[PDB]
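Residue numbers (full-length UniProt numbering), protein chains in the order written: chain A, 2 to 1341; chain B, 253 to 905; chain C, 90 to 123.
Read through the structure below, which is laid out as structure tokens, and then see the notes.
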Amino acid sequence: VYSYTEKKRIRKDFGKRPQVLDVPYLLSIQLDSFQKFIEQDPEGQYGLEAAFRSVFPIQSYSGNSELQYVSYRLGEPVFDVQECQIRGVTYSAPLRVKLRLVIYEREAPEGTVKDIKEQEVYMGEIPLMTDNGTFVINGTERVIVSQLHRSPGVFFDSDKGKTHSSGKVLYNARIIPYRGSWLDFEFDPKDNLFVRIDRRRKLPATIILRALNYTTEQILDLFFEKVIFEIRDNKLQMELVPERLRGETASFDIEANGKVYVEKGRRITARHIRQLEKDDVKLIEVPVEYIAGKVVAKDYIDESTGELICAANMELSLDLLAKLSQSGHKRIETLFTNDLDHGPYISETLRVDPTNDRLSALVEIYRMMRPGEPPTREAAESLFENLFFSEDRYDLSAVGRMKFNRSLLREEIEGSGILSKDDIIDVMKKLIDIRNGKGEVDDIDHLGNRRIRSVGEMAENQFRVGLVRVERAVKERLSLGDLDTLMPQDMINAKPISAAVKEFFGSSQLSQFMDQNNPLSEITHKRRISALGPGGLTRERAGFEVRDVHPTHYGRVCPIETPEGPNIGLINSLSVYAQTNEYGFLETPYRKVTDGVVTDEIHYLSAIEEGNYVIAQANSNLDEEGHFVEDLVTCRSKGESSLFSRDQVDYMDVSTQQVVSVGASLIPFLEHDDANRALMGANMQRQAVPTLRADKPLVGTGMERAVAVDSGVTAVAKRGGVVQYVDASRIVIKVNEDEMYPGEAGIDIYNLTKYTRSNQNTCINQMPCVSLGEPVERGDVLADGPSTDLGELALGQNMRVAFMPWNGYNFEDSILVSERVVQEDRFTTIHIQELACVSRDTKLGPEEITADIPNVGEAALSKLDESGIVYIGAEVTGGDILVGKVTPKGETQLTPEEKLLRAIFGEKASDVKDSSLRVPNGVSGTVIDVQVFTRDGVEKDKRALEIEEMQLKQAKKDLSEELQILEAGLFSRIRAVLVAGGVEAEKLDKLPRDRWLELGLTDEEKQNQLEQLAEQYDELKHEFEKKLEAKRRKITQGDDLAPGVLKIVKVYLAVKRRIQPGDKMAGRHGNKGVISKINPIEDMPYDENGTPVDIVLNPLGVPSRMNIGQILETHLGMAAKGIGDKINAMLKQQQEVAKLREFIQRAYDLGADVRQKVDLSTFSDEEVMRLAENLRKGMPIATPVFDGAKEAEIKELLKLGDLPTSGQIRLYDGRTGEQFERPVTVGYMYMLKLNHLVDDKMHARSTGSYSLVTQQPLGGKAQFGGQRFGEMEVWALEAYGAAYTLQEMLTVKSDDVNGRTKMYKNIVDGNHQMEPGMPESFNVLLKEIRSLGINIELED
Amino acid sequence: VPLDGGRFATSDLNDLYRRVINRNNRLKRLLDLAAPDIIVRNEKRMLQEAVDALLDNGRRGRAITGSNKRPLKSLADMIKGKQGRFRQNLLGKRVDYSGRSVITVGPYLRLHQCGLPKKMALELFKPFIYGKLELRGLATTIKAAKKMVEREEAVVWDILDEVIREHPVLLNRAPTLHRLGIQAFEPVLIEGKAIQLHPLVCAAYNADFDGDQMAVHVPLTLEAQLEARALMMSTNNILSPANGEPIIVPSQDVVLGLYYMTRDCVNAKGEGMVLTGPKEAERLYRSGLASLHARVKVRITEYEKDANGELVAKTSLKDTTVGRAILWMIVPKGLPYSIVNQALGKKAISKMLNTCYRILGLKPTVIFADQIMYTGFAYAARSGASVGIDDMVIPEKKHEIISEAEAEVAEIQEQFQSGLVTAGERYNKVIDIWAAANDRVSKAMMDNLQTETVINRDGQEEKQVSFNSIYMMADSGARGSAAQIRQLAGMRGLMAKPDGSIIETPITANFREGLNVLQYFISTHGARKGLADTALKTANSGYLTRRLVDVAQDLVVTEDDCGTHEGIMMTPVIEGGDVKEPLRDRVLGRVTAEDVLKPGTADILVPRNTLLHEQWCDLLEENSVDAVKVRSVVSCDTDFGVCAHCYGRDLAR
Amino acid sequence: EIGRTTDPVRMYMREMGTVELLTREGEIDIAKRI
RNA sequence: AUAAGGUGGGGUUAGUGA
Ligand SMILES: [Mg+2]
Ligand SMILES: [Zn+2]
């Protein structure tokens, strides 16, 4: 079952795997992001309210003046979209914010305010987006790419190996905040725990411990265990858990209960620990020299003298054991050390800190952070608070809190934004534990640590920057706030705000320009994931591994699609089915798999939560029950594929397409080719250029409906209806009654986009694909836009092709073509240029536009109007004059003495110059449109008046048709009220429709409805005039322009471009080609039937560049064409519906298990016919990515045709007239042409302009410039013996003014005689360093 | 300069000059006012940072910016770096009289000429048009000629038709690594606007026709035209400067055509008749009465110059094919016959051209090379060499070899299930048996392909080499190898992992079938790692050449003969196994230090100061001499140079 | 430990921080001396 | 010959098979 519209051309589909869940809406990232940017959301997270509530309320500098927040309300735009595309404005809505200002009384921060006030003040504009998601900034169409960046949180790294060449790893811990100061912990080979702040100089960690107000026994309390010696009978006997005896040899004969367990010579095994704890004793004796190797934990002081016996972090001496032995302190606290297990690392870190108390530690923090200034108490204190404890100057996101509490194994995902002590202490514990051997560091390229941003996050961030900077201003003006005289727009300036946000969308690393030459161009330019930008990487200092793919990329990032060149792998593109997390990670779909049953629900998985589970791969043959027919099945556990059991599984892949992007889901038979030529297939496939006559591709991939719809370059029926009125320009739909709203009945009118200039100077245009008197469906295509056909996306065209070397015109990769192709004109495209002519008012007067000119012939004057402007449609060539612009050089504008003597003598004088806008050289074409913008208060010209009234007339035509139809709805509603309550069907239409209130009707709500419909009638009248007149005020007015220009005249020139030997055109498999020779028809190869082939490729590209999918594609295209022309063979031959019905019924059965399963029997015998002439040019055939057709089916479908099974037909040359031995492969390949045409690549320069800092020719083509003779081919010249060549070319042809002038004279005098002179760039060099303090001269 | 409008694109230098004299004058007025030492102290420090901020910004601890928060440019960086004047505007300048566009083929040219478009020609030679146009008096004054070359009158096509008669031009491709990247041609004017290019130049340029652009130049003066035709002209360079191999080797498809020419199916039309001369063989082919790959005893006649360069006729009845006797007519006079009596792979035709250069000089090698290009595309096109999906043949034993292999990893795997083996041992045994089974599939598909053709021959049956298109394209040496067809028919490889180690499960499938999801996923790991390495590897390699071209830079062969007796001792190198580089190539073309004592005990074979060309190398090659002390450039006693007798041969001349 | 503070502002603060703020009657004292 | 022309940023093109 289908739409009525889908039955115009149903596509044959292969594919065994039943799809369970379709594609999502494609533009979902941009739309839910920036949708989430502006809406009235409560509860702060996430949005604008997070910005305002995050910063408001704001008080003065304790002057008890405070402003607060109420609400915001964003107004409508002043302009629509496409007019803003015309004029150059920002498509942007105003920002109106209700604040509130109070002022507290004196001696009363807490007291009642004396005065309040509230106004809704204005703060700049922010751009909207279109429903195609783009932004419009200054006439242009721009797209912001989402940024991949490192999630804030805490991380652990080795930096193994290569540092210090000692074979020893390090371990370092890093905190990344969302906004604030970095903080890094690390070790050394000498094994001390060092800390640095914001990548600065190195300090030991215990100084930041003392900075957090901790004493020494607290430190050694935390980071270690208490190890208990006690003064006892003799030699300070030991309390011991024999767990501590693991991993060390018995230093003495370790013995207890009078019993020797482990002697000297044995390590105490876990067997021996089991002996001891089996006896379960702790009170043992060590000899006293065991204690001299130990470090006391706490500080035992003397009792009598009250003095320090011994401090912490110092190794015991036996004499100190005597000093405490005579003291009588019975307890002795020490710490545990095992270099295998619990190394005493931070002890020596407490040795190398020179500091003692809180305050000095604060001093060296203050001195390392602001170096070179005298220390101060509270500057150090408040500085140290402002590095980590400030709600302004420091923040973790809630994402960062989530990553944090996950990382240190906490419980609840929420918490503070700034951090506290226990955070840091736990971090140091964790890093110590990795130093010990438990836990592990984590790779960065794991996708659980990379977070995507989006639009609204970044616009939020820039907006926060603007608000706090303008708040620095506001707090300044408020602390000096003179009361009762300030309304809150003297503190508020919108110009910092609008300066910040228009700075952002103007110039960013991520607000990059949109390329528009393809629906697939934009639709892959919006799903781009960059890793560059602010807070991002650089293209030149990323390693190989961050460019590399990671086994967490599966299903979330496309593996194969990346730009080749200077940034490979940094500009990754998103998958198909992937969505984003609430938090901003990459969630991916799966199927819930129960015990033996694959549940058909979907279920999203993050990155790190995936790894616990085990995943059924998509192409696993289950049999209708959830039950896989096998007992082992290919699954993946943790980044590895291995064969697992039948019941271990947890989840299944949704579909076979989730591994790839849309950029390669269009590739048919993608699985049969190498990744290199696949990558080149995608990226070259993007750059295709739309043709004149679009055409469907035979070997489709099933995605073409989705990308055709979701690209909004087609126009889709918003509601189900019936066609009323077809036109080439507009289209009119009668809305069906069920979807018709009860109030406001109405109809649908869509206005198609005609010929307009793209971003890339190409023709974008929409065509009606529907007939009249026809039911349409809600959500169905109506307008074929550019490179769209019948709701299907179709780039280039498909043609007959064959594989043989043919006289070397297909030597490397050059492509020979027949003349039939260009005779059908089926690669011809349209290009559109936009040219402008300005009119600045300078000193010595304005400038003029008219057809008055000095001293050119009447040839260019023939093709202007009376105003000096070319007519619409006058075909021009290069060098022609579009608009005659002249300057009055020598205009006077003097005193009335002048105007007196002008009245006396006449006005003859002050006429000179010309600066007419001329057509660029070598281009030609046809004018299709003129735009004129006029500065206000300047007199509009005649042609501006005609185009002005023409726009006016169009507008009143549109509103007039609106009032015709809605008026018909209202008075026809009045006939729909005068059915009951006095119908007069003869007397309703005698007088016209206006006096339908006042027939004989009772005193009820129906005559009342006649009255309020006379009301609605009246606001149709009056509102009709005010909308029409407001439109007159829009079009009539003089619009703003740049300061100093009077009028700008835009000219649209239209070029037709066919094809020429030297153009790049290519298939969909990385098979490039420059087209070599357009060779007449008679020399083509041709079959016995007589048909020419059209394009002859080269067989040598196949075995090296392994892309066999082109020849499989070629066979299948041969089969499809065989079916379609078999149909048309039965169709130009007269034949009834039955034979066609049976035949193409068979042609949709086709062997194996498919999802297609359709019948012809449910049809009208006319949509059978309509579909039959849709099939007479070929049969559209789908193919999924990995579940496409096999060899047996394609041989079967060739067998349905009359083509031979091998697919290699014999040929005949058109020149020899005889058979090639070894019959060759033919078939149909779908091919593209690319917009590298040779017309703008070809360039030369004899002698042009010169640069001024060095007399050297300019670079580039647009500047009519020469080539660079780089130094490598200089090395190639002196690699030969060519002496005169590079002296000549290096000097005369380039640098000396004298040598090139004289040599120019010698050529025009027929002499060839160079003159050396001296290169000018040497002269600027040595007078440059001569301007530096260096005496340099040229000697004798 | 101004930008578009009333604003002005500033220079940095003018900005900091403004700063420094503002600084100076304020310091002067402060000295006038007798300020305290704090202020004038501070100001002098400001002048210090001002002046060095002029000299070298950034070498002081923090730089300065004017706008865009971006550090402005001092005088020091105006010299250093990738766009200071040395590498930017002194070694590489932009040049007039140049053009640039996209290349294409046009094989009908001879190799001493190239295609050139009419528009680019009419732009590049405009002053010559002015000169001869003044000479003929078609227009007297200059601006008349300006509008004549603008308005396109028909007379000028005769004129630039005339002046491009013998005026050479240069071509350039942008990655100009070694010195064959610049060669010269004689332009033939072309309707259209792309540059047509002879095919044999493409391999020397490494310029595939995927869309490479090339640039051209014109030597203006007379002496440089003589340098072009004398040295830059493409007929000069046929041997590499790196080695004496020809670089005008036929590239890819002509060798397919010739390989298809000299072959034989075992029974064909005209099987084994007789014939007196190759013209009759041509009549038999174009008359279509015998097959092309069909053997026939013919009469041929040849020449040789054993005497004083003297060419002698002699003849016989060789047994050969048809097509060997066909392309025998293109070969010039001084060759042996048996140069063409085989299947003529890319190597055989390469050394064919090489010995043609060694024996018959220059010009017959040249015109011979053009002619074999013509017949190469002729019979390649008439051959009709396709490809098909049915051409790739799956070995039927593949399924069973994989089957026993997975049984074996089940056996070692169950040795690890009960833990009889360790991890790395199971690892290594599994990866070894996958290596072994992989090789079994490799010679499985090779043995299936290479000789699959089994046919009658006027009798019962006989095997011979295969007429499969792939096996011809790999066997002839056109493109690809056994490794790439191994990746087509048989299983492909064991792909590495991102760690740099190797994955235990091989990619069992092949490209003719479908790969799965994950095999393809592993493969795109390997590919991305590959071409990323190409990017950064290019970046390093250019820097290596950029460096050591500077350290040499200066050594010029300036003298004849140093007259010394030092030098080094050449021996054939042996790795420790086979000789991996023989004697005769390390010796070839380097003049000895002392005389070659023959190992006849006290016999002088070769004197002490002789060039060793091929005859001498065969001479001591026969006497099995093991070592020769030779003159080297490390021992040349020349001041500021190298004598030629310490260096030896040109290797392209 | 004067940390090469190449900002001249920083050291300029280090000199101007020597003299403390005078009250307004000390201005009477000094302008008296003037 | 009146189309000219600095500085940043972005996008793209062309550069192996063992
Ligand atoms: Mg190339
Ligand atoms: Zn020497």
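We put the beta carbon where it would ideally sit given N, CA and C, even for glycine.
Classification of residue i by the beta-carbon crowding that lies within 10 angstroms, buried from 16 upward
i	result
A:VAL577	buried
B:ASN320	exposed
residue 199 of chain B	Any property of residue 199 of chain B remains undetermined from this structure, which presents chain B solely from 253 to 905.
A:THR702	buried
A:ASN139	exposed
residue 1 of chain A	Look at the range of chain A in this structure, 2 to 1341, and you will see that residue 1 of chain A is not part of it.
A:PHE586	buried
A:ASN799	buried
Residue i CB to nearest heavy atom of ligand 1 below 8 Å
i	result
B:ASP460	yes
A:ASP930	no
A:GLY566	no
A:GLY1071	no
A:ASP1088	no
A:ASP1064	no
Alpha-carbon spacing of residue i relative to residue j, whole angstroms
i	j	result
A:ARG151	A:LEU533	11 Å
A:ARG272	A:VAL364	53 Å
B:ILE601	B:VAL501	8 Å
A:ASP1041	A:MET1232	47 Å
A:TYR1251	A:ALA837	26 Å
A:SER662	A:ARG454	19 Å
DSSP three-state assignment for residue i, whether helix, strand or coil
i	result
A:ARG540	coil
A:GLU244	helix
A:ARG1059	coil
B:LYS585	coil
Residue i Cβ short of 8 Å to ligand 2 heavy atom set
i	result
B:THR890	yes
Using a beta-carbon distance cut-off of less than 8 Å, what residues from the stretch 374–402 of chain A approach chain C?
Listed by position, the residues of the stretch 374–402 of chain A near chain C (Cβ gap below 8 Å) are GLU374, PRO375.
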